[PDB]
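What follows is a set of notes on a single structure, which appears directly below.
Protein chains: 2
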Amino acid sequence: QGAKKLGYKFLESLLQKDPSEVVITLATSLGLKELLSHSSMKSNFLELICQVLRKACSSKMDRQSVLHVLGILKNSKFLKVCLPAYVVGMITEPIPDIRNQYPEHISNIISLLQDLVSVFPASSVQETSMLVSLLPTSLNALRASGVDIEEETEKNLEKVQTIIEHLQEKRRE
Amino acid sequence: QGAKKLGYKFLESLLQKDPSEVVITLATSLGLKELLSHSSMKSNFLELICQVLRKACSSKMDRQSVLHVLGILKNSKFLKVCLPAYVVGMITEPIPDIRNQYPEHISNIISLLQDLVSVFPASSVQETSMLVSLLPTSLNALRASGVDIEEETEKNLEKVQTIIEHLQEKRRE
Numbered sequence: 017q018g019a020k021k022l023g024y025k026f027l028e029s030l031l032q033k034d035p036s037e038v039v040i041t042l043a044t045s046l047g048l049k050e051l052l053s054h055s056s057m058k059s060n061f062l063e064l065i066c067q068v069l070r071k072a073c074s075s076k077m078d079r080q081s082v083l084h085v086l087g088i089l090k091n092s093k094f095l096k097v098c099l100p101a102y103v104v105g106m107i108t109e110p111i112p113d114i115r116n117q118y119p120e121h122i123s124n125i126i127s128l129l130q131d132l133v134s135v136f137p138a139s140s141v142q143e144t145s146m147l148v149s150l151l152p153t154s155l156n157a158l159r160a161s162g163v164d165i166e167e168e169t170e171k172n173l174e175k176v177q178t179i180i181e182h183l184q185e186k187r188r189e
Numbered sequence: 017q018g019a020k021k022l023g024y025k026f027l028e029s030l031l032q033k034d035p036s037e038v039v040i041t042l043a044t045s046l047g048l049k050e051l052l053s054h055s056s057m058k059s060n061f062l063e064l065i066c067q068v069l070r071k072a073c074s075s076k077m078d079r080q081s082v083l084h085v086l087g088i089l090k091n092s093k094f095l096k097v098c099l100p101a102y103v104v105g106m107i108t109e110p111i112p113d114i115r116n117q118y119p120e121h122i123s124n125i126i127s128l129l130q131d132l133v134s135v136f137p138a139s140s141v142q143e144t145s146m147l148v149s150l151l152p153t154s155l156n157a158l159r160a161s162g163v164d165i166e167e168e169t170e171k172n173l174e175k176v177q178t179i180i181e182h183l184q185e186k187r188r189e
């Protein structure tokens, strides 16, 4: 029933399942493309979608489903427009409660970036480059505004930055 | 007559006029909004539009027309989606002739950013912040790939970065 027009409550219930169930539910869902086809979205819905995609694409068992989900993710307005706009919108957030919760979503975004640079390195260069170019600015803005960042998050961002830099360098020629 | 449905040839002819004529033609054109409502565009058309906006919004005579043109520009998909993607696409350009022409369009983009941060500082913080966060990466990529950058361009980008940083700082509280 709701396995097509994936709603907020449906994804909330689906997140509790194990990564295999989540990735197989998303890969066989018709509305996944329509789920990520929004350039504008609420913060809560975007964070839930990022959590669900982080958990699903981490499935070290269902390669074809992760492939399908990441292939839909890389060509979606969610990754191209919505996520960069949200990362930029982190800088002008006055409320401290949301600024303190931002690091978890940043970690989820960096994990999805690693997934993209490992599964679709050649065709997802532009989107991952835009996101890894926008992330350090919001990280410095949150670090200066009291919000602490986990060191592992910085390590992962530097790793994905190195991979993306090498892919851009090898595409320049 | 043909001043609506702003086409490539119309903007090519209009660019030769003085800044007052250009800005008044754009402000009184119905299709201006529909001209900038494209998230995807050709390189030549985007560069022509950026040149036209640089020349028009430089008009130190017609304040109302510059206000209208910049107000349409700040809320358009051209500035939100098209220009950041175009700036990111500079890094993976193999052709050297286009990489060598990029600095002029970068200077035009920085000039439009100065226009936005001086005319609409409060409401255009997000869009100008995304572009001033994406520009130094493509500048480093072009500087490493042999393409030289003008010193005045770097000065202007650092100035607009300082203004945007202070606006974000004053929006955090």
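Here the protein sequences line up with chains A and B, keeping their order. Note that the first sequence ends on residue 189 in the authors' numbering; no numbers are left out. Note that the second sequence ends on residue 189 in the authors' numbering; no numbers are left out. Each residue gets a CB set at the ideal place from its N, CA and C atoms; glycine is no exception.
{"Item": "Top-ranked residue by Cα proximity to A/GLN177, from A/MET146, A/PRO100, A/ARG188, A/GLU189", "Value": "A/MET146"}
{"Item": "Same chain only: Cβ atoms within 6 Å of A/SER123, ignoring 5 sequence neighbours per side", "Value": "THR169"}
{"Item": "Per-residue DSSP class, three states only, for B/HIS182", "Value": "helix"}
{"Item": "Cross-chain neighbours of A/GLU189 in chain B, by beta carbon under 9 Å", "Value": "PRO110"}
{"Item": "Integer Cβ distance of B/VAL135 from B/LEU86, believed to fall under 8 Å", "Value": "5 Å"}
{"Item": "Residues near B/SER36 in its chain [Cβ-Cβ closer than 7 Å; skip 5 each side]", "Value": "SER75, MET77, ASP78"}
{"Item": "At least three beta-carbon pairs within less than 8 Å, the stretch 80-97 of chain A to the stretch 114-129 of chain B", "Value": "no"}
{"Item": "Distance CB(A/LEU46)-CB(A/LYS20) smaller than 8 Å", "Value": "yes"}
{"Item": "Cut-off 7 Å between Cβ atoms - residues of its own chain near B/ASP131, not counting five sequence neighbours on either side", "Value": "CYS73, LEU86"}
{"Item": "8 Å Cβ cutoff met for A/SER59 and A/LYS93", "Value": "no"}
{"Item": "Simplified DSSP state of B/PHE94, which is helix, strand or coil", "Value": "helix"}
{"Item": "Minimum Cβ-Cβ distance from A/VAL97 to chain B less than 8 Å", "Value": "yes"}
{"Item": "Cβ distance (whole Å) where B/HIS121 is taken to contact B/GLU63 below 8 Å", "Value": "5 Å"}
{"Item": "Same chain only: Cβ atoms within 7 Å of A/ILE40, ignoring 5 sequence neighbours per side", "Value": "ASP78, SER81"}
{"Item": "Under 8 Å by beta carbon: chain A residues contacting B/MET146", "Value": "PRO100, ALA101, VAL104, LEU150"}
{"Item": "Straight-line Cα distance separating B/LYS33 from B/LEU42", "Value": "12 Å"}
{"Item": "Inter-residue spacing [alpha-carbon to alpha-carbon] between A/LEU69 and A/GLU181", "Value": "24 Å"}
{"Item": "Sequence-distant residues of the same chain with beta carbon closer than 8 Å to B/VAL148, five excluded per side", "Value": "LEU129, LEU173, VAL176, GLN177, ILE180"}
{"Item": "Runs of alpha helix (DSSP H) wholly within the stretch 51-127 of chain B (minimum 4 residues, chain order)", "Value": "59-72, 79-90, 99-105"}
{"Item": "Proximal residues, the stretch 51-82 of chain A versus chain B, C-beta separation under 7 Å", "Value": "none"}
{"Item": "A/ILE40 (DSSP reduced to helix, strand or coil)", "Value": "helix"}
{"Item": "Span separating the alpha-carbon of B/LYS71 from that of B/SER29", "Value": "13 Å"}
{"Item": "Nearest-angstrom Cα separation, counted from A/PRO100 out to B/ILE111", "Value": "27 Å"}
{"Item": "C-alpha distance - B/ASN116 paired with A/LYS49, whole-angstrom precision", "Value": "38 Å"}
{"Item": "Range covered by the alpha helix (DSSP H) that runs through A/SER154", "Value": "141-160"}
{"Item": "Chain B contact for A/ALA43 (CB, 8 Å cutoff)", "Value": "no"}
{"Item": "Beta-carbon neighbours of A/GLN142, restricted to chain B and to distances below 9 Å", "Value": "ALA101, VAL104, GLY105, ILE107, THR108"}
{"Item": "Per-residue burial, B/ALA160 [other beta carbons within 10 Å of its own, 16 or more giving buried]", "Value": "exposed"}
{"Item": "Test: B/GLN184 CB closer than 8 Å to a CB of chain A", "Value": "yes"}
{"Item": "Chain B within 8 Å of A/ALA138, Cβ atoms only", "Value": "no"}
{"Item": "Top-ranked residue by Cα proximity to A/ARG188, from B/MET57, B/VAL38, B/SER154, B/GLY18", "Value": "B/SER154"}
{"Item": "Residues from the stretch 151-169 of chain A in contact with chain B, defined by Cβ distance under 8 Å", "Value": "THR153, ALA157, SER161"}
{"Item": "Under the three-state DSSP convention, the category B/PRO35 falls into", "Value": "helix"}
{"Item": "Reference B/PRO152; option with closest CA among B/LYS186, B/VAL103, B/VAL133", "Value": "B/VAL103"}
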